[PDB]
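S.K.:
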Amino acid sequence: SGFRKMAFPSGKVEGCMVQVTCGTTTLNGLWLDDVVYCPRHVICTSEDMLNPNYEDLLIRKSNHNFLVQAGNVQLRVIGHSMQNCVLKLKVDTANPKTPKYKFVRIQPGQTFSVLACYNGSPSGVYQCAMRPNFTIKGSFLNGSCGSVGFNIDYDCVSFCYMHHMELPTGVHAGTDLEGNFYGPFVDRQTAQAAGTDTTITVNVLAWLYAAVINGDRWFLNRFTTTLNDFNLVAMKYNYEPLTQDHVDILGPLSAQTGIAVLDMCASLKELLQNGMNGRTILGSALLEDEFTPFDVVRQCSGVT
Ligand SMILES: *CCC(=O)N(c1cc(C(C)(C)C)[nH]n1)[C@@H](C(=O)Nc1c(C)cccc1CC)c1cccnc1
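First residue of the sequence shown: 1, per the deposited numbering; consecutive thereafter.
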């Protein structure tokens, strides 16, 4: 019983974090097989950050201008390529701790665990969602760049996120592990705007299911509704509209609790149009959208 924001155990990622140093810029990198992946802005000085020419900047650097360190081990860089916004350094040594891993680009509304690091050392682990506007509400200080987001599927580590920067608004932007930004952001110290953020409706519904399961049923009502009718109310409140795929994904939670998705949608509507009124759900006074239906099931079934 009980319900928490749970992160994946970080063990397998801890063994891939390294410190990367070019000139006087240091940040984190990710050491898999005989390659170190890190944000390409490692090769910028402070002057350069307003309007960097990454091609002209990279042409000045050699293999020996890069210092990769794993704990007290120095690694020797023997190749270097730029792939979009990441830098690949080819090292002499394959990482004995390299896990079963994939690189995955994720979709907005998906959750993952971040291992936040400084100088290639772990400081803490937390779970978060990729916002619909392609930012994350993270916790990152200077030097956290190259911290990664990851999911685990049994013994397989799926890398989905590398942290590149904080926006002037205080939220976080980064790339997949092929160096493509999530969202419309560039790795440039200039003013950039995220879109309007929305609430991830499917995840709110999954959290309501988690609540019922764990005893918390006050908000259940007699009413029901249409998908169309429900989406009209969701839009006025900046909620993501609900598709049939979203209904299909909640089927298991529906079956386990014996509550129709649309009956749960009717319960949600009523909370949008009346708020919580000084009540709580799983000890939150707000609607929580950082658990997917997958997360609720893993946590409420005991998946290792
Ligand atoms: C790892 C580097 C680092 O800590 N930061 C960073 C990113 C960059 C760019 C992408 C511009 C080359 N330069 N330095 C900072 C960061 O992004 N700083 C920042 C902030 C906090 C607010 C507005 C603009 C900028 C950069 C112009 C960083 C990254 C994550 C978390 N805290 C700070």
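By construction, the Cβ of each residue, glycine as well, lies at the ideal position given by its N, Cα and C atoms.
With a cut-off of 8 Å on the beta carbons, I'd call residue 85 and residue 181 a contact; round off their distance for me.
M.R.: About 6 Å separates the two Cβ atoms, so the contact holds.
S.K.: Can you check which of these residues, 127, 296, 77, 288, is closest to residue 268 by C-alpha distance?
M.R.: Ranking 127, 296, 77, 288 by Cα distance to residue 268 puts 288 first.
S.K.: Do you know offhand how far residue 304's Cα is from residue 39's?
M.R.: If you take the alpha carbons of residue 304 and residue 39, they lie about 32 Å apart.
S.K.: Looking at ligand 1, does it come within less than 6 Å of residue 189, judged from the CB to the closest heavy atom?
M.R.: The answer is yes for residue 189.
S.K.: Return helix, strand or coil for residue 185, following the three-state DSSP convention.
M.R.: Of the three classes helix, strand and coil, the one that applies to residue 185 here is coil, per DSSP.
S.K.: Can the beta-carbon of residue 194 be found closer than 7 Å to that of residue 257?
M.R.: No, they are not a contact pair.
S.K.: If I measure Cβ to Cβ from residue 12 and keep anything under 6 Å in the same chain, skipping five residues before and after, which residues do I get?
M.R.: Within the same chain, residue 12 has close Cβ partners 99, 157.
S.K.: Select from 9, 29, 239 the residue whose C-alpha is nearest the C-alpha of residue 132.
M.R.: Nearest option by C-alpha distance: 239.
S.K.: Going by alpha carbons, who is nearest to residue 78 out of 36, 230, 103?
M.R.: Looking at the Cα atoms, 36 is the closest of the given residues.
S.K.: Cβ atoms of residue 210 and residue 8: under 7 Å apart, would you say?
M.R.: Cβ distance not < 7 Å, so residue 8 and residue 210 don't count as in contact.
S.K.: So, is residue 68 buried or exposed, given that buried needs 16 or more other C-beta atoms within 10 angstroms?
M.R.: Counting Cβ neighbours within 10 Å, residue 68 comes out buried, since at least 16 surround it.
S.K.: Cβ of residue 142 versus every heavy atom of ligand 1: is any distance shorter than 6 Å?
M.R.: Yes.
S.K.: Mind checking whether residue 270 and residue 129 have CB atoms under 7 Å apart?
M.R.: No.
S.K.: How about the segment 20 to 36 and the segment 48 to 55: do they share at least three Cβ pairs that are nearer than 8 Å?
M.R.: Touching, no, given that fewer than three Cβ pairs across the two stretches are closer than 8 Å.
S.K.: Shorter than 6 Å, the distance from the beta carbon of residue 162 to the closest heavy atom of ligand 1, or not?
M.R.: Because no heavy atom of ligand 1 lies under 6 Å away, the Cβ of residue 162 does not count as near it: no.
S.K.: Would you kindly report the start and end of the unbroken beta strand (DSSP E) that includes residue 17?
M.R.: First-last of the beta strand (DSSP E) with residue 17: 17 to 22.
S.K.: Measuring alpha carbon to alpha carbon, tell me which of 110, 284, 233, 106 ends up nearest residue 265.
M.R.: Comparing Cα-Cα distances from residue 265 to each of 110, 284, 233, 106, the minimum goes to 233.
S.K.: Would you tell me roughly how many angstroms separate the C-alpha atoms of residue 296 and residue 284, rounded to the nearest one?
M.R.: If you take the alpha carbons of residue 296 and residue 284, they lie about 16 Å apart.
S.K.: Is the distance from the Cβ of residue 237 to the Cβ of residue 286 below 7 Å?
M.R.: Not closer than 7 Å, so no.
S.K.: Give the list of continuous alpha helix (DSSP H) stretches no shorter than 4 residues that lie fully inside the segment 38 to 104.
M.R.: Qualifying alpha helix (DSSP H) stretches, in chain order: 54 to 58.
S.K.: Do you know how far the Cα of residue 41 is from the Cα of residue 173?
M.R.: Cα-Cα distance, rounded: 14 Å.
S.K.: Residue ranges of each alpha helix (DSSP H) run of no fewer than 4 residues wholly in the segment 212 to 253, ordered along the chain?
M.R.: Complete alpha helix (DSSP H) runs here, min 4: 227 to 236, 244 to 249.
S.K.: From residue 206 to residue 300, what distance separates their C-alpha atoms?
M.R.: Their Cα atoms are separated by approximately 11 Å.
S.K.: Ordered along the chain, which non-local residues of its own chain (more than five positions away) have a Cβ less than 7 Å from that of residue 148?
M.R.: Cβ neighbours of residue 148 beyond the five flanking positions: 13, 30, 115, 159, 161, 162.
S.K.: With DSSP as the reference, please indicate the residues paired to residue 126 in a beta bridge.
M.R.: Residue 126 is bridged to 114.
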